[PDB]
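As a plain string of letters, each chain reads:
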Amino acid sequence: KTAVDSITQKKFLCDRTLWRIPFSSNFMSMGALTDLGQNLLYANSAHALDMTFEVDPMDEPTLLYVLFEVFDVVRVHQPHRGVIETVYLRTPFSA
Amino acid sequence: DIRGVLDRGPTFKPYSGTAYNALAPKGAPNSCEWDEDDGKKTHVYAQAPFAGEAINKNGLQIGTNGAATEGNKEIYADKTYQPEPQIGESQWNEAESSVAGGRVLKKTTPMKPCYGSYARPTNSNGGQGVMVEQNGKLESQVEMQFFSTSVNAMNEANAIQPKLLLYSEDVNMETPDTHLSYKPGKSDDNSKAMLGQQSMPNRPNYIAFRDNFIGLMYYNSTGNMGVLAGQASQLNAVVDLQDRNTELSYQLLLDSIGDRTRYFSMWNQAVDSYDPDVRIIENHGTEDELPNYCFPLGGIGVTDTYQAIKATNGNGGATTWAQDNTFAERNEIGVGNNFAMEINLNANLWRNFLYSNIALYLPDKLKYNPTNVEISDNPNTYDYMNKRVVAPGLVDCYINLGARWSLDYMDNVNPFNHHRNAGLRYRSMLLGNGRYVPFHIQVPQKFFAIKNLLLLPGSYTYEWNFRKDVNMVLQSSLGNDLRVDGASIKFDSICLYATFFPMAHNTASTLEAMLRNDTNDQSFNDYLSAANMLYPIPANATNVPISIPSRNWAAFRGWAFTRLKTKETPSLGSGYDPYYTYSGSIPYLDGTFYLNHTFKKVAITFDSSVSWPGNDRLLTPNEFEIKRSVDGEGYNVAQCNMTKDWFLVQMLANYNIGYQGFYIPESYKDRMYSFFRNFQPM
Amino acid sequence: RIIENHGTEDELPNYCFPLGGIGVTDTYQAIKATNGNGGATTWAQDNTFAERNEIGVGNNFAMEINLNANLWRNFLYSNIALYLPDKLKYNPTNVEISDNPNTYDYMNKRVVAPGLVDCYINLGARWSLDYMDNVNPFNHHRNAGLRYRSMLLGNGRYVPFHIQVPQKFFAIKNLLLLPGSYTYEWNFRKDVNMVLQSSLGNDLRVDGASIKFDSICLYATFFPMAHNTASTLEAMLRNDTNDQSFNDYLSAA
Amino acid sequence: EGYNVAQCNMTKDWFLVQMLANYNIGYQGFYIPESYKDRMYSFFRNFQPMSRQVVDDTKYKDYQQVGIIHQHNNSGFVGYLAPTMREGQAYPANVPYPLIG
Amino acid sequence: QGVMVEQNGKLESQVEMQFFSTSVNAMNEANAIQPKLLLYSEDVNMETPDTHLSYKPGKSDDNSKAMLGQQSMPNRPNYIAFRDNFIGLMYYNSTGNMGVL
Amino acid sequence: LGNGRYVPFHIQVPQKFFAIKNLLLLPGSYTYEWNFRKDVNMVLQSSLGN
Amino acid sequence: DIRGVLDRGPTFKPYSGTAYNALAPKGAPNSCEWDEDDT
Ligand SMILES: [Ca+2]
């Protein structure tokens, strides 16, 4: 009978995972490659990238971890006896 | 294959609580004695549990032999091991005897509470007197003391007889695993008050090898990139860079290709996990509606003597009464309910659990230093963490009652660095609970580029490296540095094993020939397949820019991100770091993360003037919203703070679900490190 | 729902103890043995030790209790006993009680003896009581899902809430719908008996709980299909040979 | 000191044999077999390795053997070789040897 | 629970009333001889179903003051049932009584 | 079987032999004869092993 | 299909602990009275 006036608060926990945004036209996964990536505006072009984050403050130096999923494939060829050669390659962002 | 020697140092605490006089009350001192002024006399506090037969100047008589000489010569106490603290009466009433006895520590031995007091044995019968060398031999220093009543001296009973006897000895007192809660005196000399100091066990701490032996072998880093190559090639066949977390890689992949809940011994495969109850407090409250009562050992305390009475007929008047002769004149009865005590049970259990599992792990900015105790100044060592003060009133049965919630202080603290971590307990116990372990392991290859190659006959050089640091290759529950405490390790024997197959000769020849042709080369990709960038953030800031100049964007697949707490995040590239002190569970390699719930928004742009995906795809014009705090007009979902749009995007990109109405995705398509599995709204 | 009685494992008694770890003691005085002059050994009061000391004789005084039986009895009383039908109770003593047999108080103020169910009922037999069969087992605080739902809103009393409701009618829960312009109007309920639910089954209209809507809105999505393909599908999906069939699950009278 | 495997007293080769005969697994590097292939009575479900440490009796010169009927811990609060009424007096313990600190 | 015994061809009881006052006032003046405690005594078929005596003071059997110290302890549980799949009900693999279809 | 000293019991026992467990039988008349144990040890099981 | 009557005997006990004045302390006696030889 004698409770008080109150307010409400909400939040959530999503540990043990990463936030992933795919590079797809309609966000759906339809193969290892992707339509926008395959278009690249046809790769006679190039582009510069800007990204902006805004997060709540803490009280300690922190790190922002960002990774771009790209292609990283290696081909192995061993022609003669006791000889092995390989070719790595990866894109974009590689060398 | 590796064998060698490992020493964990002093700060290894496998078992919670303690195991030295566990049942004793946490404040009662044991038998002892100390000194006072006028005039320096000695006060003694003890108790004699064991009865005997008789006393004389040579000691206590505890038996006799018929076949002896002096009538039946009296057998006395061989002070070495006589009346032992583990003997006593044999029933609750147990009519009192005439002469008793016991043991007592002398004043020279420092006082300590009973709860957690250990002294090693000295002779084969459990004696504990400090053996001392006299005259070229070993001998003991037991001293017998005698006592009689007080009023004994007050009257003509001058025939004062020795009624009580004690044996005084010295021991090597040790308290391996507890500290002192309260200590009134700054000095250490045993006062009278020093009979009140109470103890408290040290917080438990597990230490072992990390999951899947992560960190043993070098990897992503020119530190010394290992080499597999042809025996006379003189040209390498393996190239690695410095932005390919090979490890996070092997990691997630295991996940996928199978199941993780089952542990496998050989590779120490035991995923770090946290109990659901530790993270979120399901404060249903206690359960009690009945009283609980302890009782006297006889179930009747008081007693009033009484007397049998027989009714003699009062004829023509009031009945008369006389004393019976059949009964004994004195009998004992009681009136009313037997005296007892009340206590709540469930509330105590719940309170113990809450205090032990959550309180001690609170952020350290809410703990104040203790009183009258020494302590270190380095805020990282085991000592400084085991001797702070935590207000139990901060969390008790009356916090967030009947709600599904987590204490907002805790949610920015690594929940995996804990002591209920089942995987941690498994790994720690596998090596055993000692302090000096000769160990023996087998390590798997993890580089994707050759972890599934099919080599062909020949000769090759296979050369690799391993780390010696103790900060990284080990794991500690409390995360305290180990360079300071100094756990050591030394490898001795390292050997390699390989497993061929018994294939028929000509078949192997045919396959090898068919496989040497160039149009049958092998291909591989890493399951992760990504880069690795990291960006600093000064404390108490809000927003971060990132800009990469003009370049190509062939076949780019997309982004993923999260957050990390500097301190605990080895820098990488280099083969060693003097600055790494912490030693919790490294999020950057194990796959544990806890910071995700702390984002507001993120925006993406090409050449600073074109949005993406843009063209009015989403509800907001040009910015991804993750959670707007309260003011949000129509943009929450599932009673959380998350926007509908972000929820939709995550659902789609994780399972291709959403355009046909949401619903729980099926099991196999949602593994341990999925999204939906770990989505707790509160 | 069913009781697996076993007794318990309580073969070692448990004793509590005094805070000093020793019961009571009787001041005593030290002595020493003045050497027996041939005959009786002489005894002289010492001076080294003070005139008073504390010493105990025999075991320390210690009250005692059992543990497991008490826990089990508490569980049995608080999970089963309270839920018997009313006809096995009586009004309490000297306190005004509720007169309506539906509201909260009449479900609370009543008193049920332990004697009906204790640690000695159906000793060791997987079995369920007789009076309990015809009483629902879902209306019970031990429920998990109900507890989760109750926590989801929160612990308060005056709560602002904001949710979404999925359409459930079979005939349109999966239909498609080519382009057009149609009307969707529906009606929502407002009684507290229906929408809400109580773990005890008391009435809620009498106890004054209520609810009121403020604003209400409708959402929806699409699939950014390329225009021409959508045109082709729209044209194809109109040849009456390609009607759509639907059938609810249960289907019956 | 050549052939122990999986942190136990069992040699590697026997492990290889059992894994083969159960699941035809081993020429492709050991790994957890799939759930449906392994049932209740199978081998890998019932494989429990354990180890412990005990006090050496040659290095620790102070060590002395102690019979059961002289050991005493939690004295003055429990029985004596029988679950009877509590007995004894308080005192420091004499067992077991500590392995930490 | 009082024992019933037959006399006069009928089954009756053997409850007796005994009276007690304070020997506590054993000594003093007359008149003040008033009872304060009434006890009803009986005899009952004492019977223990599932307990055994852990402690016993003396090898005798009569009722002394010492006998109050005796301590009891429950009997270990002992389950009994049919085996799994009724193993053993039907003979097999024995030439003595091979079944016939 | 409950927790009684005396119990009336009433059960069904399957057929375990492999030579007839999955056989498909054909029309006709046949003789079917078998045996059962009465020993109290083998049929029963006791937790303690007494 | 089989029907019969089975007797486990006396030594069948399916419950840990006991069910008779269980809460009472394990040494407390009962209200009694006994004879003693006069002195
Ligand atoms: Ca009295």
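Colleague: How would you explain the overall build of chain F if you had to name every residue and give the values?
Modeller: Across its full length, chain F carries two helices and two strands. The secondary structure elements of chain F, listed N-terminal to C-terminal, are β-α-α-β. Relative to the 2.2 N^0.38 estimate, which gives 10 Å for 50 residues, the radius of gyration of chain F is 17 Å and therefore markedly larger than a compact globule would have. Taken along its principal axes, the extent of the C-alpha atoms in chain F is 45 × 20 × 20 Å.

Colleague: Give a description of the interface of chain B and chain A that names residues and reports values.
Modeller: In this assembly, 119 residues from chain B lie in contact with 72 residues from chain A. Both faces considered, chain B and chain A share a buried interface measuring about 10,800 Å² in area, 58% of it formed by carbon and sulfur atoms. On the chain B side of the interface with chain A, the three residues burying the most area are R557, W559 and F561 of chain B, jointly 7% of the side's total. The interface formed by chain B and chain A includes six salt bridges. Where chain B touches chain A, the interface holds 65 residue pairs in polar contact. Broken down by element, the side of chain B that touches chain A gets its largest block of residues, nine residues, from strand β30 (residues 543-551) of chain B. Per-class residue counts for the side of chain B that touches chain A are 65 nonpolar, 34 polar and 20 charged.

Colleague: An account of the arrangement of the chains is needed here, citing residue identities and associated values.
Modeller: Of all 14 pairs of chains sharing an interface, the pair with the highest contact count is chains A and B. Separated without contact, chain A and chain D have their nearest C-alpha atoms at a distance of 19 Å. These two, chain A and chain G, are apart from each other, with no contact and a minimum C-alpha gap of 39 Å.

Colleague: Quick one: what's the story with the interface of chain E and chain G, residue by residue and with numbers?
Modeller: Chain E puts 17 residues into the contact, and the matching count from chain G is 19 residues. Approximately 1,500 Å² of surface area, both sides summed, lies buried where chain E meets chain G, with 58% of it carried by carbon and sulfur atoms. It is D50, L68 and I80 of chain E in chain E that bury the most area against chain G; as a group they hold 32% of the surface buried on that side. Inspection of the region where chain E meets chain G yields zero salt bridges. Here chain E and chain G share six residue pairs in polar contact between them. With three residues, strand β6 (residues 71-74) of chain E is the single largest residue contributor to the side of chain E that touches chain G. Taken together, the residues that form the side of chain E that touches chain G break down as six nonpolar, eight polar and three charged.

Colleague: An account of the coordination of the calcium ion is needed here, citing residue identities and associated values.
Modeller: Protein-derived ligands of the calcium ion are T305 of chain B (N) and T305 of chain B (OG1), with the metal-ligand distances lying across 2.2 to 2.3 Å. Relative to the assigned elements, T305 of chain B resides in strand β19 (residues 304-312).

Colleague: Help me get a handle on the packing of aromatic side chains, residues and values and all.
Modeller: Tallied over the full model, the rule gives 52 aromatic pairs over all chains. Here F23 of chain A and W612 of chain B contribute two aromatic rings whose centre-to-centre distance is 5.6 Å and whose plane-to-plane angle is 70°, an arrangement assigned as edge-to-face. In this pair, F23 of chain A is assigned in the loop between β2 (19-22) and α1 (35-39) and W612 of chain B in the loop between β32 (599-606) and β33 (624-625), connecting two distinct chains. Residue classification places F23 of chain A among the buried residues on the basis of a relative accessible area of 9%. Summarising the aromatic geometry, the rings of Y20 of chain B and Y118 of chain B are spaced 5.3 Å apart at their centres and angled 20° between planes, so their arrangement reads as stacked. Pair check on accessibility: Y20 of chain B and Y118 of chain B agree, each one buried. Site record: aromatic cluster; members linked through ring pairs are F23, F68 and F93 of chain A together with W553, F556, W559, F606 and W612 of chain B. Note that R37 of chain F overlies the ring of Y91 of chain E, its terminal NZ or CZ placed 4.8 Å from the centroid. Stacked on the ring of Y15 of chain G, the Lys or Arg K13 of chain G has its end atom at 3.0 Å from the ring centre.

Colleague: Give me the lowdown on the pattern of salt bridges, citing residues and values where you can.
Modeller: Evaluated as defined, the whole model comprises 39 salt bridges over all chains. Put simply, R120 of chain B and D62 of chain D hold a salt bridge, and the shortest N to O gap is 2.3 Å. Residue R120 of chain B is found in the loop between β8 (100-105) and β9 (132-134), and its partner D62 of chain D is found in the segment after α1 (12-23); the two belong to separate chains. For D62 of chain D, a relative accessible area of 24% puts it in the partly exposed group. Via salt bridges that share partners, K11 of chain A together with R279, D408 and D411 of chain B belong to a single interconnected network.

Colleague: Which residues make up the sheet that holds strand β4 (residues 54-57) of chain C, and what are the values?
Modeller: Spatial ordering of the open sheet is given by β2(B)-β3(B)-β4(C), a layout of three strands whose pairing is mixed. The open sheet is flanked by β2 (32-36) of chain B together with β4 of chain C, the only strands paired with a single partner. Averaged over all pairs of adjacent strands, the angle between strand axes in this sheet comes to 15°, irrespective of strand direction. Where β2 of chain B lies against strand β3 (residues 41-48) of chain B, five bridges are found, and the strand directions are antiparallel. Along β3 of chain B, the bridge assignment pairs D35 of chain B with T42 of chain B.

Colleague: Go over the environment of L129 of chain C with me, naming the residues and quoting the values.
Modeller: Residues and elements named next belong to chain C. Checked against the element boundaries, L129 lands in the loop between α2 (104-108) and α3 (145-153). Distance from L129 to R1, taken between C-alpha atoms, is 8.8 Å for residues 128 residues apart in sequence. Sequence-distant contacts of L129, that is, excluding residues within four places in its chain, are made with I3, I80, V117, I121 and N122.

Colleague: Let's hear about the environment of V4 of chain A: which residues, and what values?
Modeller: Residue and element names in this part refer to chain A. Of note, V4 is situated in the segment before β1 (12-13). The exposure class of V4 is exposed, given its relative accessible area of 59%. Along the primary structure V4 and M58 are separated by 54 residues, whereas in three dimensions their C-alpha atoms are 32 Å apart.

Colleague: If you had to explain helix α5 (residues 422-430) of chain B to someone new, which residues and values would you point to?
Modeller: An α-helical turn contains 3.6 residues, so a residue and the one three or four places further along point in the same direction. Residue and element names in this part refer to chain B. Among all positions in α5, only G423, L424, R427, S428 and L430 are buried. Buried residues along α5 cover an arc of 160° about the axis, so they all sit on one side. Residues of α5 that are buried sit in contact with β15 (207-209) and β26 (474-476). For α5, the N-terminal cap is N421; the gap from its side-chain oxygen to the backbone nitrogen of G423 is 3.1 Å. Following α5 by one or two positions, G432 adopts a phi angle in the positive range, close to 95°.

Colleague: Can you break down a negative patch on the surface residue by residue, with the values?
Modeller: A cluster of acidic residues, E16 and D62 of chain E together with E33, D35, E36, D37 and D38 of chain G, forms a negative patch on the protein surface. By the element assignment, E33 of chain G lies in the segment after β1 (2-7).

Colleague: Requested: an account of the side chain of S493 of chain B, with residues and values cited.
Modeller: Residues and elements named next belong to chain B. Positionally, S493 belongs in strand β27 (residues 488-494). Of note is the side chain of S493, whose polar atom sits 2.7 Å from the side chain of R3. Beyond its immediate chain neighbours, meaning those up to four positions away, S493 contacts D1, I2 and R3.

Colleague: Please provide a residue-by-residue account of α1 of chain D, values included.
Modeller: Residues and elements named next belong to chain D. Between its first and last C-alpha, α1 extends 17 Å over twelve residues, near the 16 Å set by a 1.5 Å rise per residue. Turning to α1, its buried residues number three or more, namely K12, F15, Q18, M19 and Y23. For α1, the angular spread of the buried residues around the axis is 130°, confining them to a single face. Taken from the residues just after α1, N24 is the one with a positive phi, measuring 50°.

Colleague: Describe in detail the sheet that holds β8 of chain B, supporting the description with residues and values.
Modeller: Pairing is mixed across the open sheet formed by six strands, whose spatial order is β4(B)-β8(B)-β12(B)-β11(B)-β2(C)-β3(C). Edge strands, defined here as strands with exactly one partner in the open sheet, are β4 (50-51) of chain B together with β3 (42-45) of chain C. Strand direction decides the pairing type here: β8 of chain B and strand β12 (residues 164-169) of chain B, joined by six bridges, are parallel. Looking at the pairing, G101 of chain B lines up with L165 of chain B of β12 of chain B.

Colleague: Got a sec to walk through unusual backbone geometry? Specific residues and values, please.
Modeller: In this structure, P613 of chain B follows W612 of chain B across a cis peptide bond, with omega equal to 0°. Topologically, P613 of chain B is positioned in the loop between β32 and β33. The residue after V95 of chain D, namely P96 of chain D, is reached through a cis peptide bond having omega -5°. Following the sequence through the fold, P96 of chain D ends up in the segment after α1. One non-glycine residue, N372 of chain B, lies in the positive phi region at around 60°. With respect to the secondary-structure elements, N372 of chain B resides in the loop between α3 (346-357) and α4 (382-386). When its relative accessible area of 29% is taken as the criterion, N372 of chain B is described as partly exposed. At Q639 of chain B, a residue that is not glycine, the phi angle is positive and equals roughly 55°. Its place among the elements puts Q639 of chain B in the loop between β33 and α9 (644-655).

Procedures and definitions
- Residues numbered from 1 in each chain as written, not as in the entry; some residues may be left out.
- Chains lettered and ligands numbered in written order.
- Part of a larger assembly, values for the part shown.
- Heavy atoms only, no water.
- Helix = DSSP H or I, 4+ residues; strand = E, 2+ residues; numbered from the N terminus.
- Rg over C-alpha atoms; globule rule 2.2 N^0.38 Å.
- Contact = heavy atoms within 4.5 Å.
- Buried area = accessible area lost by both parts, 1.4 Å probe.
- Salt bridge = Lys/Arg side-chain N within 4 Å of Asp/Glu carboxyl O.
- Polar contact = N/O pair within 3.5 Å; in protein donor to acceptor, adjacent residues only side chain to side chain.
- Nonpolar A, V, L, I, M, F, W, Y, C, P; charged D, E, K, R; others polar.
- Donors = N, O, S within 2.8 Å, 3.2 Å for Na, K, Ca; no water.
- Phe/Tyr/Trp six-rings, centres within 6.5 Å; stacked < 30°, edge-to-face > 60°.
- Buried < 20%, exposed > 50% of the residue type's maximum accessible area, 1.4 Å probe, protein only.
- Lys NZ or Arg CZ within 6 Å of the ring centre and 35° of its normal.
- Pairing = 2+ DSSP bridges.
- Axes fitted to C-alpha atoms, helices over the stretch in contact; angles between N-to-C directions.
- Arc of directions from axis to C-beta.
- Patch = residues over 30% accessible without salt bridge, like charges linked within 9 Å, V, L, I, M, F, W, Y side chains within 5 Å.
- Areas by Shrake-Rupley, 256 points an atom, 1.4 Å probe, with all protein chains shown as cover.
- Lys, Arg positive; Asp, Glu negative; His and termini not counted.
- Charge placed at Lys NZ, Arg CZ, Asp CG, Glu CD.
- Expected span 1.5 Å × (residues − 1).

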